[PDB]
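One structure is given below, encoded as structure tokens.
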Amino acid sequence: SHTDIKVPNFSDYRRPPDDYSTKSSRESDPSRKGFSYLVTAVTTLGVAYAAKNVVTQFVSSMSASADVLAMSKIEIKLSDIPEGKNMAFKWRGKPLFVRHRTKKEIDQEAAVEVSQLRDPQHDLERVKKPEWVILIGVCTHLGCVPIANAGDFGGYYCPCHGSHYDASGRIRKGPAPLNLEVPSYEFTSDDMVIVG
Amino acid sequence: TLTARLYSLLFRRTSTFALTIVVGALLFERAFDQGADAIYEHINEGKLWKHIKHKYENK
Amino acid sequence: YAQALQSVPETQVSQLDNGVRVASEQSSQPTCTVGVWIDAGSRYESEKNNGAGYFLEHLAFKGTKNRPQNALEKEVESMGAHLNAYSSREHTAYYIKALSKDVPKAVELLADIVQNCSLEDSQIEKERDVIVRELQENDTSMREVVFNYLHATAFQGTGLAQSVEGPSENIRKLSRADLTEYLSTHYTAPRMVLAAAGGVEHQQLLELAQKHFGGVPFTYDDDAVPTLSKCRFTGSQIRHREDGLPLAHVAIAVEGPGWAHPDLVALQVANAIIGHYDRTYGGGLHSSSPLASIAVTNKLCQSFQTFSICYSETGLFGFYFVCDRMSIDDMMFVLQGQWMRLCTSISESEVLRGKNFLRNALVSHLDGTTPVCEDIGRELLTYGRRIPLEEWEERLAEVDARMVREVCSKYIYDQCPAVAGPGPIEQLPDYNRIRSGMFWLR
Amino acid sequence: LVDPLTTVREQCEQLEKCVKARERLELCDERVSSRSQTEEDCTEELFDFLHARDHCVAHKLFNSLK
Amino acid sequence: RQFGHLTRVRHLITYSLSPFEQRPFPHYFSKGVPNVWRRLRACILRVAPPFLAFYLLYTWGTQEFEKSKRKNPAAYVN
Amino acid sequence: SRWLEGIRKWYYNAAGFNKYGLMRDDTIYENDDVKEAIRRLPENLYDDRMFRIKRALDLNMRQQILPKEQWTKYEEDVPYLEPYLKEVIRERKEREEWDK
Amino acid sequence: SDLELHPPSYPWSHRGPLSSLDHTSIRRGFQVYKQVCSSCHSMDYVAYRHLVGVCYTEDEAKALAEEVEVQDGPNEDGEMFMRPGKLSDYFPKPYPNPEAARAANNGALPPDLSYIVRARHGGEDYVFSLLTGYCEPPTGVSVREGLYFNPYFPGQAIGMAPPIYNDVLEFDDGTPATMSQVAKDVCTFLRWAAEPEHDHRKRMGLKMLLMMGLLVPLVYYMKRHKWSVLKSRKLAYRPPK
Amino acid sequence: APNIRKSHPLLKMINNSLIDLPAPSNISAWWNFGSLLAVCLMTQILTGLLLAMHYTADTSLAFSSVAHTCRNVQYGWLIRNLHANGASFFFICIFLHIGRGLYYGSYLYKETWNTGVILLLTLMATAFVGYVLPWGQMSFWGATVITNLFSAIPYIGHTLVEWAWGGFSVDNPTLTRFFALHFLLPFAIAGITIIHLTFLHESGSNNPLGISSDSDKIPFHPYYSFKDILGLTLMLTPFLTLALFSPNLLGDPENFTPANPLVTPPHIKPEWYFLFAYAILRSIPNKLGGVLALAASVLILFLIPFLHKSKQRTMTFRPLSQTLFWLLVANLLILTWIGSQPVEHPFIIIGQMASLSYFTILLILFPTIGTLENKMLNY
Amino acid sequence: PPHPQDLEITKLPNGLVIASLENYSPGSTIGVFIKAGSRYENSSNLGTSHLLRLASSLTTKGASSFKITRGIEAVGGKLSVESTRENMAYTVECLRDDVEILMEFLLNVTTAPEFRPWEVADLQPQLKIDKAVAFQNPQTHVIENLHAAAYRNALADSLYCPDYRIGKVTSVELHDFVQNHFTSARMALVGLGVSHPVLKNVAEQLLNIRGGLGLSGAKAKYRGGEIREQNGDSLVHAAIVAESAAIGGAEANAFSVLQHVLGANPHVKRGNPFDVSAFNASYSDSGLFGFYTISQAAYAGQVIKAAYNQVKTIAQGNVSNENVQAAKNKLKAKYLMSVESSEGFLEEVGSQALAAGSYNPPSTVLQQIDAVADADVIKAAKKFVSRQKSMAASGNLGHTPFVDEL
Ligand code: HEM
Ligand SMILES: CCCCCCCCO[C@@H]1O[C@H](CO)[C@@H](O)[C@H](O)[C@H]1O
Ligand code: FES
């Protein structure tokens, strides 16, 4: 018939010693689940660890390149740069500006309405000798090389998206966000100058 | 009762479960790392630069 | 309304120095029903004793010593009364419906059966071959075999996994003695209940019972009622496959709390929510019961029903569906999903309906003499006293959504379920699948 | 200053095996340089010697080096 | 080939238990390790042979080569 | 000198498919002819063969086998499919022959 | 004759899967390389930069780089010109090109000891045996002019004369500069030279083992757990009558 | 459909290939190689692609570029190591996979099997190129022979060559195009790997008993997803132990010497996973014959399916062919050893012997022992 | 205070009988009894009855299919339709205040059906199954046919739509069927657990039709039909009848009594594994009387003969005035008992309030059953043996006799 079928004995055969009738399965196993999920929890855990690192590694596997240089110092004969002109030098992976400013330029650069600047800084706090201005030839917007002796502010201009810079290297008009970078530098004599 | 308290709180709700995996991973890390390093460095005393760093930085 | 509830007559009870509790609810109704509801069942049978209570049921009527077959039936037939009965796993009952103008006559008759069955060794040997047949019918009621199996595995190893009818071996070999053994052992006053409903007057009933149930207890034992062995639930499965059958049945459940436990109310409201469906209804727009709705839209089942079958100290909260060989899965999936929804994100809107629907069955549960009697009998036997629809009203009128979740999750969430499935069940996925179906990827 | 190598090689050139080889060699050497026209070489013999020698030179030499 | 359309199967009953109700561990020692052996011993005599054999051919062959490398004491006794 | 009979019982126990509790015919790979044969198989024998195979799968999947007692014996192995199979083949060869 | 002598095995302080490199011993090796080998052997893939933090100090290595003048970029008139070696330069080639070296070495070509240890079977064991291992050719065997016998080298006649003998230099750490000793220190250098990772790589292997160890078992329990439902399972054939 | 795991043109694919996919209940480890294989294809593509970010296809820079990648790119050494050794765990796995298949008649599933043979071939080809990439002695001389290997084809030969690689001798042109093939082929592998599984899924996976498994069959997921993630970690520990403890264990040191177009080193040994073939090539003293023999050594796989005579699929109940099987596996193992040896009498012969036992154990013994066992059953 | 509150009846000017009865039960159940049915069908439109029976939940002019089902359910209601060859009862049940709510839907369902061409063309396939399940009980098959052989016209029509017409019932045929029968004069707004003033104050909206009897079925012509369904079910079903007894029809109570007089007789008059009873259907202008016998196949002929002889000799004076005494008592029970369950009781107060307009108290209803005895019965049985007989059968029948063989 069917009244004749019976579920076999899974006794010691399998069942964990908290499951052998006359006493609730409940209350017992709902502790057993704990263990069986603990293994699991932990595995996800260990795996997590493993994963976190394989990614970390395989992520720095490009970020930079353990091939980084340094050259912080460069000597420049200030007489190479006569009044009115800006010379561009090869330096540390990006251009470097060194300019001889005229009476007029230095004057206009101080005459700048500082409270109205995108990046507020007075010409005199950005340079040491007012007839000498030094800048990093990289536009702050998206990285193009600003063109010296171009633009509406007698400083520079970036042909990529139209940022206008002054003789102080400050951003005035256009999209650039902050003023041109001023490197670390000092004059070792009358016609000598060192950047970095 | 660890297991039971662990299940009842941590493992039961799929929510909680994960959340502890994260917090658990954190602890497992800090802990596993320090240790492995220890074990490691120990098994190599005085051979590491960390260990010699001193003949130009004492020990 | 609430008044309609309060204005309903109280249920009278009164125990004998015997053990027999006599309860009854009165009404105008000429007719009525009366009976004895024993605390006997297959759960009380042994390995060799399994079947008794049933084989017995089949002779309880075929006459007593006092009045042989011809006489009992004749005396009953002749008075236009109906004497019918049944035997479950933990509850046996014998009842008659007469014109109350016979409370006394019926009572005596009842008494004469729970006490003096002929048990004619000849009448037996005949009922033997009858049950053995009747049992062969029971077999092709897939709707049934599916539940026995459920118990068969959900309570594997304990008394509850034994079916009421009993193995075909026991039926073929029970002895005139065994039936008596069963009788004399379990049909004792402290466990039986004389209940009745109709135009009967309690007192007359007392005195009548008090008069034909002249039982007498000497020892302390006589006066005490034995508590059964506890039944171990076991999240497991039993698959009796046959792709020969028209379609497949599936039933899955969790261990339930047991009569006593107050949550069975909250829990009752839950099952009220997903409800039950059948292809004859009239509502692909059905009430919430998405299972139903989804059942309808996606033609998932021929039928499905929810249930909280409960016992003294355990029980089975689950569901059952019938379906084409082909939609078994989506059905389980879609349904098991509803269990989660139920204890994970049930709304007030639902319980609101849930409750009322219940209160509607709560009521029609007592629709007539017999049914009412059926509750008093059960009530006392399992709850202790009677539970007034005014009580049930309160109990379940205080269930809020939050409470349903609380409970359903308490009894459903991440529990290892019991599955049963006969038929062309190849499409039903392994246990693990339907197991991880118990926790929602909340 | 004395190279623990030569020191340990001394000891090692006396372990049973070596002597066995050294001899086997000494014979080959004085056996070839003894004739005016022969193709034989004493590389083999020499190797067996060396091999056995340095083998222990190696199982101890690094103990005395810093 | 999906589920529900694989074969005509009839009259097979199976009984299984929640992984939480039994023990994955299982019965090592009782039935566990015994079967393991029941298998080493069952094929050790079908597998090893060819491998063992090669081993020899290996050893033989190399040795032979290594031997064929040394001088024949008598290649020039004169 | 040396009975093929003697040999067959050798191979039969050597093969060892009887340890899983299945007959010879339970193992024949199911190519076109076998499929058509098994398809003619009376429902008795079919359902048996099914169970037989499923039992085996379950054993194999457990790594265990049948207790020594239950292994079928060489002389008791029943070629329940061989006959049907042959007819199938000659039925076919006949067609093939004709289509020339 | 294809008859050769294979080098024995020395118990290098760094041999073991978990054992690092004797950094101090490498410092010396650097020295023996820098003061004696680096005049015939280029080591193109290494640079002062590496020494920093492994066996040397930044300022120490900086200064150590200064000692070399290197030919650098075009002027403003465009003309190679010399200048102090930066920390970034690689170790100095002793020759402009191979033929230049071959000329300066009786015709032979001294290899670049960058990947030498792993360009030769036996690595240090070999290189070590080679350096500390010259001698008189046994009888019948005559090594030609310009060569020198060394049984360890394939062919027995190398083009390199014994480059290392007692006192050839003075380990400033106050270590007995015996040939054997100084030969060891070179090799241990040569190894790190071939694979700076070495230490990192092993510490890594360690952690790896522990995880496999902790994870495979855990996922093993899990696999079992799930499968039980089947292993445990029980079939049964119950046809009608 | 409510499912969503069955109603999504894309999502269904996953839930139709890794979940719900019916798989025989009885499946041994010997079925793990495959998912591993796929993983190798991933590992490789990932690391390799990562490694190609720093390679520089060009004679004057190739070699050094690799070195720079290890010595300078953070973990570049780890990356290369994993890439280098993955090649191996890849062949190991593929080899085991082919084995399994051969000894369960998995080959009866023809298309799945034939595409397979294409994968082996491609894998082999993609692995030849690439090794040519770091441009060390081995890289170069490998390139010169394997390419020159096509010279044997008459007429269209010497031509195909002086086209195969750059112009008229392994040189820059032939390097830059190799980097290209190597970058391109792994994808073609993944491609064919899709087709492969496709023909597979048409017919269920096989199973060790060699008898229908429709009687059982579990949902891929709960089960095999786990079984595989396990096989993953097991065959992951060895390979990571190599890449971390003995990296050049399986890799010839000779290849640490930049290429010299004027000196092929004495003792040129092809990378292990190619030895057996190699062995066969040299031991049939003819440019052509040798080549044909080579051809056949691998190309033979296509005929395996037509050499099946057993009335049974797998050969679990074929004690006879069963040992014949291991004779072969070892026969192979020997050809490998023999392949790592110089050409002297102690060997050579052993060579052409094994290199023959191979072909017969396949074209002749097997089918024979085959029908034989049948008759020992009355078939 | 006692719950006695006489069931008031108030026939509105239309003819819409309204019978209530507050019984204070918590759950009340209202219901619209109608003199509709499958008896008013023609060669065509057949089954429209059945399809109408299922269109219960289709949209109305006051509420949509949706709202109606979810509205009734929102309260824990029940809306269902019970129907006979000559009467349709649309009941609905709930409780407390919700009765008021539950009504709107009931109202609309019976008076504002706007049977939408899609909703129906889209529902008809349901007949197929509704019928498929019904026919799972061989009893229904036999009886369906019985009536087919017992009659030749209305009432002999099927209760379950014939197959060939499953997809052909038009949206039209439905309205036309409602309009011609669902009229005030042949309807009744019966109900329980309700105050009568309340239940009346609703029949005011329910006023939206008048046409007394819209189509009045044709009288029922009798015939001694005989149809056999060879199908092999291991066990035969048989039913034998002879026209007789109309509802209200005096001669009726006789058979009800003969119905019980018979039984202990036919059953106890046939020995072996079987089942046999006294059949009795009382219709408006006719009825049927006899006996169905589920019997094992081969023992088919035996059982029907035996059970027939019993109805025979029970006519030839084989009835003790005692038999009649007992049987008169069983009816008293089966009547009274089968009135406990509020649905089977709302059936009494309704069935009457429609057929008559009155309400015979359980007193005289007995005084009427009591009223007759020995007097008839024996005679009632005679009428069976003499009148023409129409038999119906389902099963192997290879061993089942025909009427021409008695
Ligand atoms: C190129 C990489 C390859 C990958 C990623 C791969 C993967 C797979 C996968 C995922 C399976 C699943 C079952 C199993 O693992 O056994 C499979 C099966 C199979 N493959 Fe491949 N395979 C590749 C190459 C090959 C090769 C070279 C052969 C040819 C000998 C081959 C022959 C087969 C066969 C016979 C099966 C089906 C039989 C069975 O599953 O029992 N595969 N392949
Ligand atoms: C699958 C198992 C994976 C194991 C996790 C790999 C651990 C790699 O961990 C590595 O350890 C180094 C030594 O401390 C650190 O310098 C690295 O930054 C760190 O990523
Ligand atoms: S790039 Fe300088 S303006 Fe944008």
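All chain H residue numbers match Swiss-Prot; in order, they span 2-380.
We read in the header that X-ray crystallography, 3.5 Å was used to get this structure.
Cβ atoms here come from the backbone N, Cα and C positions, even for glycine.
Cβ atoms under 8 Å from those of the transmembrane segment (H:34-54) belong to residues 70, 77, 80-81, 83-84, 87-88, 90-91, 94-95, 97-98, 101, 131, 180, 184, 187-188, 190-191, 194, 229, 232-233, 236 of the same chain, restricted to positions at least 6 beyond its ends. Swiss-Prot lists H:34-54 (among others) with the feature transmembrane segment.
Residues or ranges marked as transmembrane segment in Swiss-Prot: H:78-99 (among others).
Sequence annotations record features per position, and here Swiss-Prot assigns heme b b562 binding site to H:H84, H:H183 based on experimental evidence. Non-local neighbourhood of H:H183 (heme b b562 binding site): H:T127, H:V130, H:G131, H:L134, each in the same chain, at least six residues away, with C-beta under 8 Å from its C-beta.
The heme b b566 binding site annotation in Swiss-Prot covers H:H98, H:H197. Just so you know, the Cβ of H:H197 (heme b b566 binding site) picks up 22 other Cβ atoms within 10 Å once every protein chain is counted.
The transmembrane segment annotation in Swiss-Prot covers H:114-134 (among others) and rests on experimental evidence. Sequence-remote contacts of a segment are chain residues at least 6 beyond its ends whose Cβ falls under 8 Å from one of its Cβ atoms, and for the transmembrane segment (H:114-134) they are 49, 56, 58, 63, 67, 88, 91-92, 95, 98-99, 102, 107-108, 140-141, 143-144, 147, 176, 179-180, 182-183, 186-187, 189-190, 193-194, 196-197, 200, 272, 274-275, 299, 302-303, 305-306.
Residues or ranges marked as transmembrane segment by Swiss-Prot: H:179-199 (among others).
Remark: H:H202 (ubiquinone binding site) has H:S18, H:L22 as non-local neighbours, by Cβ distance under 8 Å and separation of at least 6 in sequence. The ubiquinone binding site annotation in Swiss-Prot covers H:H202, and the record cites experimental evidence as its basis.
Marked as transmembrane segment by Swiss-Prot: H:227-247 (among others). Listed by sequence, the residues of this chain that lie at least six past the ends of the transmembrane segment (H:227-247) yet keep a Cβ under 8 A from its Cβ atoms are 28, 30, 33-34, 36-37, 40, 79, 82-83, 85-87, 89-90, 94.
Residues annotated as transmembrane segment in Swiss-Prot, with experimental evidence given as evidence: H:289-309 (among others).
Taken from Swiss-Prot, the feature transmembrane segment applies to H:321-341 (among others). Outside the transmembrane segment (H:321-341), and at least 6 residues removed from its termini, the chain residues within Cβ reach (under 8 Å) are 100, 103-104, 270-271, 273, 276-277, 279-281, 311, 348, 351-352, 355-356, 358-359, 362-363, 366-367, 370-371, 373-374.
Long-range neighbours of the transmembrane segment (H:348-368) within the same chain, counting only residues 6 or more positions beyond its ends whose Cβ lies under 8 Å from a Cβ of the stretch, are 280-281, 283-285, 294, 297-298, 301, 304-305, 308-310, 322, 325, 328-329, 332-333, 335-336, 339, 342. The annotation transmembrane segment is assigned in Swiss-Prot to H:348-368 (among others).
H:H197 (heme b b566 binding site) sits 24 Å from H:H84 (heme b b562 binding site), taking the C-alpha atoms as the reference points. With a threshold of 8 Å between CB atoms, the same-chain residues lying at least 6 positions outside the transmembrane segment (H:78-99) that come near it are 31, 34-35, 37-38, 41-42, 44-45, 48-49, 51-52, 67, 70-72, 117, 120-121, 124, 128, 132, 236, 239-240, 243-245, 248, 251-252, 273-274, 302. Cα separation, H:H98 (heme b b566 binding site) to H:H84 (heme b b562 binding site), rounded: 20 Å. Its own atom aside, the Cβ of H:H84 (heme b b562 binding site) has 21 Cβ atoms within 10 angstroms in the protein chains shown.
Around the Cβ of H:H98 (heme b b566 binding site), 21 further Cβ atoms fall within 10 Å across all displayed protein chains. Secondary structure at H:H98 (heme b b566 binding site), as computed by DSSP, is helix.
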